[PDB]
Structures are given as structure tokens and as C-alpha cells.
Amino acid sequence: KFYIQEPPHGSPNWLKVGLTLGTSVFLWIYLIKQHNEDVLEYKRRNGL
Amino acid sequence: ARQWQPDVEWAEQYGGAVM
Amino acid sequence: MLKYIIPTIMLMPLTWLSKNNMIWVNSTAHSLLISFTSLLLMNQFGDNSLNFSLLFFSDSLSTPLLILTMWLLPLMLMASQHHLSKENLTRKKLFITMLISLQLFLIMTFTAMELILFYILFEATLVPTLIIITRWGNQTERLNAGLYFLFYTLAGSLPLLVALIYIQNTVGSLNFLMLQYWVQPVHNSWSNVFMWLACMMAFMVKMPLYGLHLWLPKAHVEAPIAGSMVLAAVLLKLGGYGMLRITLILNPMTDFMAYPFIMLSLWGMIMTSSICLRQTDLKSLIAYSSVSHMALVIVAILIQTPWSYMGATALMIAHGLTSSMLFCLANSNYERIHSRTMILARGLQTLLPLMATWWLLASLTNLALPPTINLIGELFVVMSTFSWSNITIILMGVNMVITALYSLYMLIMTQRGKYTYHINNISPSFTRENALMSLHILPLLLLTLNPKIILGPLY
Amino acid sequence: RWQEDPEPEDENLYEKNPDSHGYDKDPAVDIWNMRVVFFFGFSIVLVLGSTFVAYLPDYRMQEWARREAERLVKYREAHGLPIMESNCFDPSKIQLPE
Amino acid sequence: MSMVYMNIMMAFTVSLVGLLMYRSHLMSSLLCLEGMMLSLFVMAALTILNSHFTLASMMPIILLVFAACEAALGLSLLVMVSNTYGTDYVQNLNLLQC
Amino acid sequence: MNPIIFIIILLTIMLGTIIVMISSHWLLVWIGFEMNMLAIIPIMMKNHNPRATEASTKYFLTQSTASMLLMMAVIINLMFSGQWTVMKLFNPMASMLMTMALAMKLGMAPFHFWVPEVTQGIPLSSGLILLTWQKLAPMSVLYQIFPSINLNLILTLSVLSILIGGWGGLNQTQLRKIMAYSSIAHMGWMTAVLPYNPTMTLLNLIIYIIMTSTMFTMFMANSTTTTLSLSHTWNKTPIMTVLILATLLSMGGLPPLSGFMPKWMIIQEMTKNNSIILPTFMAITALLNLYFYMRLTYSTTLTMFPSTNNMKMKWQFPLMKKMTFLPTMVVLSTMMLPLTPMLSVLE
Amino acid sequence: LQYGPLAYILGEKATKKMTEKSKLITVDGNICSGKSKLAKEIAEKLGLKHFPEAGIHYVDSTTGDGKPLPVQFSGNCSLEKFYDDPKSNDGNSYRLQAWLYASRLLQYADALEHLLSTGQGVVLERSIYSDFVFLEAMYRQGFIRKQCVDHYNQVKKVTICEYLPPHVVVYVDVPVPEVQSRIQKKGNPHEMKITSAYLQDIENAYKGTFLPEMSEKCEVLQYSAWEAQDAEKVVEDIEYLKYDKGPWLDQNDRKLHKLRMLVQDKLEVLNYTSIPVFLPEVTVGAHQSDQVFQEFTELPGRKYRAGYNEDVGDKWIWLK
Amino acid sequence: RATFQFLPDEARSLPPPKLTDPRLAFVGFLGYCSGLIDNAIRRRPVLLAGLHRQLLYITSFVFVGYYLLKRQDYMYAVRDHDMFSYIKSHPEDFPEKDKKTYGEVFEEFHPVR
Ligand SMILES: CCCCCCCCCCCCCCCCCC(=O)OC[C@H](COP(=O)(O)OCCN)OC(=O)CCCCCCCCCCCCCCCCC
Ligand SMILES: CCCCCCCCCCCCCCCCCC(=O)OC[C@H](COP(=O)(O)OCCN)OC(=O)CCCCCCCCCCCCCCCCC
Ligand SMILES: CCCCCCCCCCCCCCCCCC(=O)OC[C@H](COP(=O)(O)OCCN)OC(=O)CCCCCCCCCCCCCCCCC
Ligand SMILES: CCCCCCCCCCCCO[C@@H]1O[C@H](CO)[C@@H](O[C@H]2O[C@H](CO)[C@@H](O)[C@H](O)[C@H]2O)[C@H](O)[C@H]1O
Ligand SMILES: CCCCCCCCCCCCO[C@@H]1O[C@H](CO)[C@@H](O[C@H]2O[C@H](CO)[C@@H](O)[C@H](O)[C@H]2O)[C@H](O)[C@H]1O
Ligand SMILES: CCCCCCCCCCCCO[C@@H]1O[C@H](CO)[C@@H](O[C@H]2O[C@H](CO)[C@@H](O)[C@H](O)[C@H]2O)[C@H](O)[C@H]1O
Ligand SMILES: CCCCCCCCCCCCO[C@@H]1O[C@H](CO)[C@@H](O[C@H]2O[C@H](CO)[C@@H](O)[C@H](O)[C@H]2O)[C@H](O)[C@H]1O
Ligand SMILES: Nc1nc2c(ncn2[C@@H]2O[C@H](COP(=O)(O)OP(=O)(O)OP(=O)(O)O)[C@@H](O)[C@H]2O)c(=O)[nH]1
Ligand SMILES: N=C(N)NC(=N)NCCc1ccc(I)c(Cl)c1
Ligand SMILES: [Mg+2]
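Residue numbers (the entry's author numbering), protein chains in the order written: chain c, 1 to 48; chain D, 1 to 19; chain M, 1 to 459; chain g, 25 to 122; chain K, 1 to 98; chain N, 1 to 347; chain O, 1 to 320; chain d, 8 to 120.
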């Protein structure tokens, strides 16, 4: 039950939680932006 | 009965220096 | 085929997210609904197979096998849930997962349009089957049985892999539709003798061929009931299905390459029927019965005539329902007396009347009583083998005599006579057990009314 | 030897639940399991599935072939043609070797 | 080739056979390794000097640098073998048969 | 070892391997091997016991001998071509010496005797480096010199490695020796396909490293180095027994798991060159690998071996080991087959 | 930052926290020799942490909520049953001794972890270094087989080599007849069955092996019954010890870091206490172990890693 | 083509993989499986624990997988481009055959009796 020793993971590591969600959002935004570049570049080179 | 599981005799087949 | 693959996959989340007391209810209910929708596969045409995409197709050969496969999963669940009752909850869910994953590989195996995709799925069934046998079998010998099952299959499968890749290199394609139009004859050479063997030995081991059958009495006996049901009903038919497809590209070399294997089968069935007369283990007796029946399928596939292909297809379906029912019948006794010895419990018709009716019906279908589809298939194969050579009627006739003797010997020894005095825990048959028996026999007997849907592409 | 549990005794489902259907120890789950097996197995798959099979639309076009054959026999006998010729393909479209 | 190469290639082979045919002392075999490096240095130096491959003149120097690192590494392990067993005999290093 | 010293030595192990892989000059390739050899010995001795001393001594003698043969090949090549560019060699005797030297560094049969002994004598963490990272440098060199490699020699080494690796593993109960003989066998597949399609050599190498890392990491998590100590895992971390089972099945090459992909592609490339007998022989011989992988699955996951009373004290503590990348590695070790056409990224 | 190589590099080094008052003191003696009281007073006067002797349920006191678990989760080994039937057929005598050694091994690691991480010394009551006296007594009375003794020695060799002996070993020398009287006055029925030959074996081992061994590597204070009563006089003895011997003088930040990485990883500490050696006394069949392991996971707060058990009020699990 | 380059510039004349590519979805599913295995080995609630960690497993798998598929598609385009250009440059090695119908081609009949 109530632990005789405070667990190492008893409470969230908010510095980590923020970095993890921030990285996910950054990578997703980078990926989406990159994909739009490629689609636009691909049509331009191919006259579309 | 119940399902057989390895006993000590079986387990020592795999405890030697070589097989 | 995605309308069957996806819901079959969705059985896995269903089982894992079920309440701890509803895993059997939920999985059984929904595997039956999948079984229902499999009947849409019977939109078959006289000329063209049903070709869904670049990956999957269905024809009158694969369609009945698919319907049998999806029907067996519900039946394997009911058969299993009694002896797994004490099992840990998560281990129960894993057991169901293996059965679901086995179904997924089977329905894709029977419909893969490309032979190398068939090979990968043909081989992928080993993993769940091996885990089921070795993890959830009861005896010490289950470990050895798994090894025999694994290496007998792989010893034949690995040459098949090389042969298929060689065929793709030289023909340019392994798609089965393409192979129907781009096929070229196989001319005699030692090189082609071994191409033929590599294309056929993997499937012969699965049947099994007499001589290469030793893995099956071990595996079909050590497995848990569900493992035996799928091994006998479906997995043996991967060998027959594979042969039926690949023999297209082996002509005319099959003319003389079939002789050693027809001899092994014609004589093999008489040898394995005779073995059943002196078997002391009820499950072992049933297993050796499967070898005898699948010998006819091997001969029918090799002689390669329109009647023998219809007979082979009927036999594979009929044997699947019969052999599965017999294992389930013997399991019900085993769950009462905890022994596979046939002579241990006798006179059971006195103590379990209705269950003795199932024993009779299962026995009659096994000895091919007309007009059961067991007889229809066995008769069509005999008709075509007589034309191949009239003297084969002697071996077919003798096997039919011996098969009746051991089918009724098993019925008489276990059900008739006097009950064993000291066995006093023969509880009345449960509803689950009676329903499980009737779900084999009823569909099997109904198909007699409309046998054309289990006669394959050459009907 | 070792420290091991003895083999547990055999459990007869009928002692606790005389009305057991053999599915589950819990009588309520046991009844539900029987219901789904019977309704989905017998009422749905076997009864409706058998009805579906019986009314399949001309499975593998065996009925069209009989209708087509009658049409051909009628036309060929009326016009004096042979009912069936030994040659499947017209020999004017074939170039024999040699 | 010129006759010098016969004797240098012979020297490398003699040291190689010396390395592959152990006796007892581990130090005897470490000496054969240094001999192998000596013959490579001479054979490399002759080829480079004869052909006037000017920049390659430093290559034999670099070879000696890593010959010393190899020699120092070999002696360090010999010290630890000596401490464990009291001799540098190679027959004492047989624990890993099992 | 001081933590900073350990990191610097590990970076020197990687730098030596990287020097081999970016060098256009044979002297720098030889330097890279020497630097790599220098930094790995302290990692083998890190636990300071007579078995680690013997392991490191046997490793140094074998690697230092191979380096002499390698440098001899380079000098012969210089005499007959007057250049040092890393590429095909210009003398068949130089090609034999370099090929034998690289086979020695890889521990291919019949130069294999050191691999089972050295791996057994060093920690699990050091054995992981020895059987994965250390294969990269010799393989990268073979990848560049293969046009001048003698076909009969390289296929003889490959065949003997598959046989000896398979047979040798049958008699082992120690996990490190099981991994060592497995590595010898897998090296045979890598170099068998090298003369035909070097791209398939890299795929086999990459997939082998992933599966080998996955196994060593799982052994480290439980601090298990014998078959019997690994048979207690079911009574501590049941999830780990399932991951071990899946990886072992994968390493055996069973479909639909990833480890079947390299064997599949290697057979394809060999049959395209009308090599039928060899791939059939290799695949059948590889069943020996599957046999002693299966034995491990039997004693680890598919049965429940006897345990000890003191094990109950372990139930009350969680796994504390890093187990770095293990979730990713095990997924890649088992679930990659549907993505096989991705092998073109290696072209 | 959980301790590791990164914490070491950034400055977390043992020699920073360790002073002249960072000592490991062990209090030993026979049964009912007054160890407990003397150990508690020494800890309080010297300002150290006190560790009550490690018993059967020591490990429970450090994990979970710190309360004893049912006895099936300690193997059912019973100290009371050892007194009633020292020659039990179910191997309770050795199973208990093997369980107790592992509990002491764990307590020693906890004591070392506390000492190295905070610099505050600790006081123990017996330890892994003196646990063998009970085993030797058990063997001389015929309570265990020679094979049990062999197994104990195999486990000790590969475990005790990793740690450092205590700085100070305090021994309370109470002669056996006095102990028998003390046990008799205490009152608990089971302990009254101890025979004098058993207590003499504990004493013979303590003086014939433990003390000569500890002397070469530790400071040893040997007190009689009367001297031991006044804990103040013992504390005075400890305060003027020279500390001129033993393996602690050779320790450096590099070595204590390696030691800290071991004692903080309890599964690594206990690694070899379950070596696959199949003695009947300690071997558990697969069916029994499986059942008990399932029941252990069904206890409050034991299904998951500490801090992820919602049944006992853990929150933010979806972010933890 | 370009030396030690992951995605040569000539690869931008090809369409990028769609973000709904079935192979990319499978790769994302692998990231999800990795997240679950991560929870399981650390005895955390498998489905629920650490959703941020599970999100990063999915996102990082998809991110790397997108570039691998982009390079995979490019390398097969290069294979096709090389093969067809070679066929154009050596017509005599790849002659266009005269195709005969089955009415003209003699094939032996092998009875199945
Ligand atoms: C996707 C396309 C590619 C296709 C390739 C195949 C894909 C699958 C790849 C598998 C990769 C490994 C990941 C498998 C996850 C296993 C999940 C699992 O084992 O369940 C967890 C459970 C752990 O138990 P625990 O944590 O203690 O929880 C309480 C229950 N005791 O586990 C247990 O409790 C089990 C303990 C008993 C041991 C039972 C062993 C038999 C069951 C094995 C099933 C898994 C086999 C996987 C091999 C591949 C199958 C095809
Ligand atoms: C639409 C999805 C369809 C599913 C496709 C599956 C493809 C194979 C993917 C393999 C990876 C599986 C995930 C890794 C295992 C994690 C699950 C586990 O280890 O334990 C089960 C766990 C419940 O137990 P617990 O630890 O107590 O956590 C409580 C959380 N509620 O967690 C759970 O509650 C359930 C989590 C899922 C259980 C997975 C069981 C493993 C299945 C392995 C069999 C091989 C896969 C089938 C082969 C064909 C592949 C298509
Ligand atoms: C080939 C086709 C298939 C494609 C295969 C692609 C494989 C390569 C793709 C990458 C695979 C690894 C992905 C790992 C995802 C899990 C990372 C995570 O959840 O970490 C959570 C947290 C640390 O997160 P944090 O490092 O602070 O984020 C800020 C970064 N600057 O701390 C934690 O609690 C995490 C603990 C679990 C991690 C296991 C140990 C590895 C350590 C990873 C460190 C962070 C990784 C960041 C990943 C970014 C990669 C783009
Ligand atoms: C269960 C195992 C079953 C084993 C079945 C055994 C079947 C044996 C089939 C033998 C026929 C093989 O096919 C035969 O191969 C040889 C190859 O040498 C071919 O003949 C070719 O080589 C032989 C040399 O021996 C020459 O005589 C001939 O001039 C040449 O064309 C034949 O034209 C062909 O008829
Ligand atoms: C395990 C049981 C073993 C039982 C023993 C079985 C023996 C089986 C021997 C395999 C068949 C060998 O005999 C095989 O006969 C057929 C004819 O029918 C031959 O077939 C070939 O030769 C005939 C003429 O001889 C030609 O029309 C043609 O070139 C081709 O058909 C094969 O070249 C020959 O290899
Ligand atoms: C087109 C797809 C159709 C899919 C159809 C699938 C049908 C599956 C039938 C299973 C029905 C089970 O539904 C059942 O309902 C009751 C209340 O509603 C639930 O709740 C009940 O559980 C317990 C059983 O121990 C009962 O004693 C109690 O009355 C109640 O709490 C059950 O937990 C649930 O199992
Ligand atoms: C582990 C063994 C250690 C041995 C160390 C000693 C190595 C000695 C290396 C000597 C290298 C001699 O190299 C050898 O030279 C002769 C030239 O006469 C070549 O000889 C060959 O090529 C030339 C022309 O190209 C012609 O003479 C002829 O075609 C043929 O004899 C060999 O192809 C080559 O292999
Ligand atoms: N078999 C066995 N019993 C032990 C061991 N340690 C303690 N005991 C028993 O645990 C009980 C308490 O031991 P003691 O501390 O010495 O007795 P006490 O009453 O507390 O007197 P104090 O020394 O002051 O603490 C005794 O019955 C001991 O026999 C051990 O390592 N093995
Ligand atoms: N077989 C070899 N050794 N070389 C080789 N890979 N030949 C095949 C050519 C090829 C294949 C894939 C790609 I993508 C590309 Cl661009 C080129
Ligand atoms: Mg006390």
C-alpha cells in the first residue's frame, strides 16, 4: 500500500514529460512540413 | 493427473559441463 | 480477403480486452460470426476463380478449406475451455491468441495467389502449432513430439524454398494465375527429377506420406485437444492443398515420378489400417486412421484425373470433420478417466447413452457409409484408381474391409461389453460436450444434401 | 525429492451446480456460454447457412450450361448439323508442322 | 624478383612458423611477433626506397609505432599471466576448455 | 575502471572501427584494426580474474597474428601495384593472406577456436561487443576486396563455418558459448553470399547484430550465463521468457519472423547464379542451429523448470538494469518480415 | 539523478560524504546475550543508524508497505518450527538458514548503501560474516546434512567476496550456562527447547573461527556480560580506536563507486543466492512456485512496479 | 547516385511516400508494439502507463520509417532507370522477337491415362 520507501517513480518527472511530448510534437511538425516540401518540389520538377 | 513439468532429474541434464 | 483477415485479427484485441470471466464466451461468439460470413466465399463461377486482388484469390478448392478452417476455431475453443479452467488468466489469453494466429495464417495460406507467399504462411503455421503442443501438452513426450513435428516439416520445406525460387528465376513469376498460362512441360533429366522431389516432398511430409509419417502419431497424441483438432482437420490438408496446386507445373514428369509414392500409399494404407487393429492407445488409433485416409488423397492427387481431384477434395473435407470429431470424442473420455488406454474404460454405452450415439455416427462416417461425403470422396478416388490400373481395386477393397474392422473395434471396445467396475467417476455428458459433438456431425451429414460445394474446381 | 504441491483433486462441475452446462464454474457465465454456442452455432450458422447454400445462385453455372446445351442441340438438329464435332478448334486456323 | 626479397620473405615465413609453433614460454612467442614486424619493416622499407615513393618513407615509421603498442600490450598480459601462475607458460592458460 | 576512462576506451573501440570504414589507404585500415585491438583488451580484462586473463591473452595472440598477415598482404600488394588504395588486390597471394587474416579476425572456421573460449571468459557486456561491433571492421574490408577474393577459398570458409558452428553449439550448456558457436555459423551465411551479392552480406550482418544484441541484453537483464540459471526466468520475469522465445525462433530463421529474411534473400541470390547445391546444403545444415535454439526455448519458456526457495526474495524487487534499446531491438528482431523490400536502402 | 556513472562524474564521490564517524559496527554474541539492547544504545549514543537483526521478514520491511507477508512468501520457513523439530523431514532447518543468510546479505547491502550515500555509520546485529556459526551449530547437532553445508559455502564464496568487513566488531561474551538461564527466564515456549550442546557449538564457532578471522581485518572489542551493560563505556572504547588495519584503508572513490553500484541493485546483490543447485531443502517444484508467484502478484501494491499501483492510490500513471 | 548521400538530390523528382502509406502504418504499429514491450518489461500497466513515452515510440518509428521508405522507393527507381537505359544502349542484346500463335506452334501432347 502506502510505500515504506518513496518510490523513485512515485511522481511524474515533469522535465521528462515535457521533453517527451515536445519532441513528439516537433518531430511530427518537422515530418509534415518536410512532406509538403517534397510534394511541392516533386510537382514542380515534373511540371504539375 | 496434471500437466508434467520438468523435475530435478530432468533439469540436471542441462547442468553439466557438456550436453 | 480483408473482410476475413481483419476480423480474425480483431479477435485478438477482443480476447485481451474481455472480462476475465468472458474470454471464452466472447471469443466463441465472435469466431462463430466470422464463420458465418465465410459463406460469402461460395460465389464461385464455372470458368473463373474469384480473384480479389494481386495477393489473394479463392476457387472451389480453397473455398471449402477456408470454410472448414474458420468453422474449426469456435469448436477448438469449446473443446479447450474445460482442461484450461485452472490455467492462469494471462496464459489462457495467450492460448487463445495462438489459435487465432493459427487461423490467420491458415486463411491467408489457402488464398495466397503467389506460391512464395503461400510458402511463408505455410511455414508460419509451425510456430503457433509448435507452441501449442509443447507448452500445453500434458506428457513428458510433448517436447520430443514438437521436435519431430518441427524437423520433419522443415527437412522437406527447405528444399521446396530453393525449388520455388528457382522456378521464379526461370519462369519469371510464381503467381498461380500466371503459372496456368506460362507453364512449360518438364523434360526428363536428373536435374528435373530433383526439382520434382523438392516440389513434392514438403507436401508429402505434411500429408503424411507413409514412411515419412512418424511425426504424426507422436504429435497428434501429445497435443492438447485443440491442437489435435487443427492438426488432423486442417494442417494435414496443407499438404494436400499444396500438392493439388504445384502439380500443375510438374507435368509430364509426374507420369513416372508418382510411381514410388503411389506404391508407398497403396501399400501404406493397408499397413496403417492394420496397425489400428492392434493399437492400445485410443488417440494413437485415431492418428493412424488419418494416415490411412490421407494415403488415398496422395494417390488421387498423383494420378491426376478429373474424378480423382473431385474425390481428393471431398475426402479432405470429410476427413477433417470426422477425424476432429473422433479426437473430441476420445478427449471426453480422457477428461473423465485421465488415460488414453483404449481398453481401460469399457461398456460406456451403458453409462453414457447419448454420447454412445455420437461414437456410432463418428464411426460410421469413418468407415465411409454411403451416402456420407466420406464415402463420396472415397468412392470417387476408387473409381479413378481402377481406371489407372484395375488391380488397384484389390488394395482399395482390402483397405475398406480393414477400415470397417478397426472403426467398429474401437466402437465395440469402448462403448459395448461390460463397464469397468472400479471406474466410478463417469459423470453424465455435459451440454458443452454434446454440442461440440453435434457441431461436427451435423454439418458433415448436411453436406450430403448438397455435395457439389466440396468437390473442388473440377466439378 | 523437493518441495512440490500434491496433485489437486478432481472437480466434478455437477456437485456445486447440478444444472451445469459444462462451460463455466460461474452459473451465470455458464448459461451465457451455452446460449451463444447454441444460438450462433445452431440457429445462425447451421440453419441460415444451410438456407444460404441451398439458394446459391447457380453455383458454378451448371444450370446455365444445361440451358445453353439445350439451345445448341435444338439449333443443330434443326439445321442438320452434327450435335458435336470431334474438333474443338477450327482446323483452318491451325498450321500443322512438317 | 630481386634476390633480397627472397631472404626477407623467407624471414617473415620463418617468424610466422615460429609464432604458430608454440613451445612453453609465452615470451618466446612474443619475440616471434616482434620478428614478424621487423621483416615487414625491412620489406616495406626496401620497396619504398627503391621506387622513390617519397611520401611512403614515413610508412615504415608508423609501422614501428604500432609494433611497440602491440609489444607493450603483449608484455602487459604476460605480467598478469605471470602473477596468476608464477610462470609465463602457455599450458597454464587452458581454463576455458570448459 | 573510472567511468570517464571506460567511456574514452569505448570511443576508441568505435574510432578504430570507423577508421577502417572510412579509409581509402591500406595503412590506415591496418591502423584502425590495431587501435581497435588496443582498446578492447582492457574491456576483456575489466573484471580481473584468471579466466578473463586467459580470454584476453588468447584474443590478443589471434588478433595480433592476423594483423601481421594483413600487413604482409598490403606490402605484397604494394610491390605488385605500387599503390595503397583500399580496393581489389593485385596479387593472388596477397588476396589469400588478406582473406585468411580477415577470416581469423572474424573467427570463421577453421580459425574459429578462439571465439567460444574468449566469449566464455569475458563478461556478457564485453561479449556483446565482441560478437557484434567487432564484426563490422573485417566485414567492411571484405565488402571492398571481394572482386579479388578466391571463390573456392571463401566458400570453403563459409561452409566449414556453418557446419562447425552448428555442430559446436549442440554440446554447449553455457550461454556465452552458445552465442559464440551461433556467431560462427551466422558468419558462414554472410561470406557465402559475398561473392554473389555483397548487399545481401550487409543485410545478414545488420539483422544478425540486432538479434544478437537482443539476446545479450536479455541475458544481461537477468544476469544469466548458463542454461539452468536462465531456466529460473519464468519465475521472475515471465515477459522476458516470451521475448527470448520469439528471438530464438527468429534467430533460427523460422517464418514469419525477421531472422528468416536473410536466409531467404541469400538463397535467392545464390539460385540466380545457378548455385543450387550450396544453398540447399546451407539451409539444411542451419537446422542444427535451430535445434539448440529450440532446446533453450524448452528450458526457458515452453516448460517450467524447478526453482529455489530464495527466488521468492527476488519477487520483491524490480529489474534495475538499463536494458537500453531492448523494446526496439526485440520488435525489429521479430517483426520485420513484412518490410523485406526495405533491403534496397542498403544498395 | 539516480546514482550511476553520470552522478559520479558530476561529483557524487564517497570520500566527500565520509568522515571519521562513518563506521560500520556489528554487534555479535550468543542467543539472549544482550546484543539487541547494546546495539540500540551504541547507535543512539554514536548517532548512527540502527538495523535490528535481520530475521525472516526483513525483506518485507524494506519493500511494499513494510509489513510482514504471509509465510508462504518466505518459503514457509519457521524459526519456531526449527526449535520444535530441528530434524524436520521437510528441510525446514536448512531452508530457514539459507533464507536467513540471504536476508542478512540484503541487510548488509542496505547498510552499505546507506553508509556510502550519506556518510552516516550503521550498527548491525550479526551479519553475513558471522551467520555461519548457526550453520556450524546446526551441522554438529545433525540438524542438516553435509550437502546443505556445501551449498551454504558455495553461496557464501560468491557473495561475501564483493563487500567490505565492518570497521568494528563488538562481541558480547556470555557463557553458555548463563545463556541457558537467560533463555529460561525469557519465557517463549519454543526457545526453551534449545539444548546446551547447540549453544556451545555457537560459542565454539564464534571463538574458534569468527573472532580470529575478524581480528586480522577489523577492530574487535570483546566484552563480558557486566561490561556490556553500560553502553556508555562501550561507546568510549569505540571512540578511541585507531583503525590501522583492514581493507577499508585501501578504498578510493573509484572502488567505492563500484561497490555503490552493486549494493544499490538488490537483484544483483541476491543474484547467487538462487544458484541452480538442486538440494531438496531449497528446491521448489514448478507447480508450487507458479501458484505462489501468482498469489504474490495479487497482493496490495505488488502487481506493478512501485509507484504504478492504482489499487493503493498511485496517480498520474498515464504520465509515469 | 551521389557519394555517401542518403537521399541524392535527383530523388526529389519522385513523389514522396504518402503519410497514409500502408508500410508506414505498419512501421507505426511496430513503434506501438515497442511501447507496450517497454511497459511490460518494467512491470508498468501495459496499455495505460506513460502515454507520452508511447507517443514518442510511435512518432520516432514513423519519422525514421518515412525516410527509409523514401530511400527504398528511390533505389528501386534507380534500378529501373539503369535497366531500361542499358536496354536502349544495347538493342542487339535485347531483340524484339517474332511472336507466333498457338495454331502455328507445335506442342507435344502427353495423355493422362
Ligand atoms: C506482425 C507481423 C510479424 C509477425 C511475426 C510474429 C509477431 C509476434 C512477434 C512476437 C514478439 C514478442 C512479443 C510477444 C509479446 C508477448 C506478450 C506476453 O507474453 O504476455 C505477457 C505475459 C507476461 O506475464 P506477466 O508480465 O507476469 O503478467 C501476468 C501474467 N503472468 O506473458 C506470459 O505471462 C507468458 C508466460 C508463460 C509463457 C507462455 C509461453 C507460450 C506463449 C508464447 C506466445 C508468444 C509467442 C511469440 C512467438 C511468435 C508467435 C508467432
Ligand atoms: C489491432 C491490434 C491487433 C493485435 C496485433 C498483434 C500483433 C503482434 C504484436 C506483438 C506485440 C504485442 C504487444 C507487446 C506485449 C505487451 C502485452 C503484454 O506483455 O502483456 C499483456 C498486457 C496485459 O497484462 P499486464 O502486464 O498486467 O498490463 C495491464 C494492461 N492493461 O497487455 C494487454 O492488456 C494486452 C496487450 C496485447 C497483448 C499482446 C499479446 C501478444 C501476442 C503475441 C502473439 C503473436 C502475434 C500474433 C501473430 C500474428 C501477427 C499478426
Ligand atoms: C526499419 C523500419 C522500422 C523503423 C525502425 C526505427 C528504429 C529507430 C527509431 C528510434 C527508436 C527508438 C525510439 C525510442 C522512443 C522512446 C523514447 C522515450 O520515450 O523516452 C522517454 C524519456 C526520454 O525522453 P527524452 O530523451 O527526454 O526526450 C527529449 C529528447 N531530447 O525517458 C524514458 O523513460 C524512456 C525510457 C525507454 C527508452 C529505452 C532506452 C532508449 C533510450 C532512448 C532515449 C531517448 C530516445 C529519443 C528518441 C528520438 C529518436 C528520433
Ligand atoms: C523416391 C525417389 C524416387 C526416384 C525416382 C527415380 C526416377 C529416375 C528417372 C531417370 C530418368 C532421368 O532422365 C534421363 O536423364 C538423362 C541424363 O543423363 C538423359 O540422357 C542424357 O544423359 C545420358 C547419360 O546418362 C545420355 O544417355 C543421353 O544421351 C543424354 O541425353 C535422358 O534423356 C533422360 O531420360
Ligand atoms: C519406396 C518404394 C520403392 C518401390 C520401387 C519403385 C521404383 C520406381 C522407379 C521410378 C520410375 C523409373 O522408370 C521410369 O519409367 C518411365 C516410363 O514409365 C520412364 O519415362 C521416360 O522413358 C520412356 C520410355 O522408357 C519415354 O516414353 C519417355 O522418355 C519418358 O516417359 C523413365 O525414364 C524411367 O525413369
Ligand atoms: C453483431 C455482433 C453481435 C455480437 C453478440 C455477442 C454476444 C455475446 C453475449 C455475452 C453476453 C454477456 O452479458 C452479460 O450481461 C450482464 C449484464 O448485462 C453482465 O453483468 C452481469 O455479470 C454477472 C455474472 O457474474 C451477473 O451475475 C450479474 O447479473 C451482472 O452483474 C455480464 O458481465 C455480461 O457478461
Ligand atoms: C602464410 C604464408 C606466408 C608467406 C610469405 C611469403 C609471401 C611471398 C609472396 C611472393 C609473391 C609472388 O607473387 C607471384 O609472382 C608471380 C610472378 O612470377 C606470379 O606468376 C604469375 O603471374 C605472372 C604474370 O602476371 C606470370 O609469371 C605468370 O602468369 C604466373 O606465373 C604469381 O601470380 C604471383 O602470385
Ligand atoms: N537457526 C538460526 N536462528 C537464528 C539466527 N539468528 C537468530 N536466530 C534466532 O533468532 C532468535 C533471536 O536471536 P537473539 O538475538 O540472539 O536472542 P535475543 O533474545 O534477542 O537476545 P539479544 O542478543 O539481546 O538480542 C534466537 O532464537 C536465535 O536462535 C540464525 O542465523 N540462524
Ligand atoms: N548483384 C550485385 N552484386 N549487384 C547488384 N545489386 N546488382 C543488381 C542491381 C541493382 C539492384 C537494386 C538496386 I535499388 C539497384 Cl540501384 C541496382
Ligand atoms: Mg535480539
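For every residue, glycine included, the Cβ atom is placed at its ideal position computed from N, Cα and C.
In the DSSP assignment, the residues bridged to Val27(O) are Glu125(O), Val170(O). Against chain g, the beta carbon of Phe116(d) has no neighbour under 8 Å; the closest one sits roughly 13 Å away. A Cβ-Cβ distance of about 6 Å is found for the pair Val162(M) and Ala198(M), placing them in contact under the 8 Å criterion. Buried is the label assigned to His151(O), since at least 16 other Cβ atoms lie within 10 Å of its Cβ. When the five nearest sequence neighbours on each side are left out, the beta carbons in the same chain lying within less than 7 Å of the beta carbon of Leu84(M) are those of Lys92, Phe95, in order along the chain.
Exposure of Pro121(g) is indicated by the presence of fewer than 16 other C-beta atoms within 10 angstroms of its C-beta. Within 7 Å of the CB of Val119(d), the CB atoms of chain M belong to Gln304, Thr305, in sequence order along the chain. Assignment of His30(M) by DSSP, reduced to helix, strand and coil, places it in the helix class. As the crow flies, the alpha-carbon of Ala102(g) is around 43 Å from that of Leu375(M). Across the structure, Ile131(M) and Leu17(M) are spaced so that their CA atoms are roughly 23 Å apart. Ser24(c): member of the alpha helix (DSSP H) spanning 14-45, first to last residue. With a cutoff of 7 Å, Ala435(M) does not count as near ligand 6, since its C-beta is closer than that to no heavy atom of the ligand. Sequence-ordered contacts of the stretch 70-86 of chain K with chain N read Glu70, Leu73, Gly74, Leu77, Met80, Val81, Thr84 [C-beta pairs closer than 7 Å]. Below the 7 Å Cβ cutoff, chain g contributes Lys117, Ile118, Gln119 as neighbours of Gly110(d), in chain order. Per DSSP, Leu339(N) lies in no beta strand (DSSP E) segment and is marked neither H nor E. Non-local beta-carbon contacts of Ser157(M) in its own chain, meaning distances under 7 Å to residues more than five positions away in sequence, involve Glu123, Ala202 in chain order. Per the coordinates, the alpha-carbon of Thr241(N) lies some 10 Å from the alpha-carbon of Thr247(N). Within its own chain, the residues whose Cβ lies closer than 6 Å to the Cβ of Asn46(d), once the five positions on either side in sequence are excluded, are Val53, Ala56, listed in chain order.
Within chain D, the C-beta atoms nearer than 9 Å to that of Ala286(O) come from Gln5, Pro6, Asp7, in chain order.
Set against 7 Å, the gap from the CB of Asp45(d) to the closest heavy atom of ligand 3 is smaller.
Identification of chain M residues near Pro279(N) by a Cβ-Cβ cut-off of 8 Å yields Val162, ordered along the chain. When secondary structure is reduced to three states using DSSP, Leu50(M) falls in the strand class.
In the DSSP assignment, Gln184(O) falls within the alpha helix (DSSP H) that extends over 176-186. With a threshold of 16 other beta carbon atoms within 10 Å, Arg120(d) falls short and is exposed.
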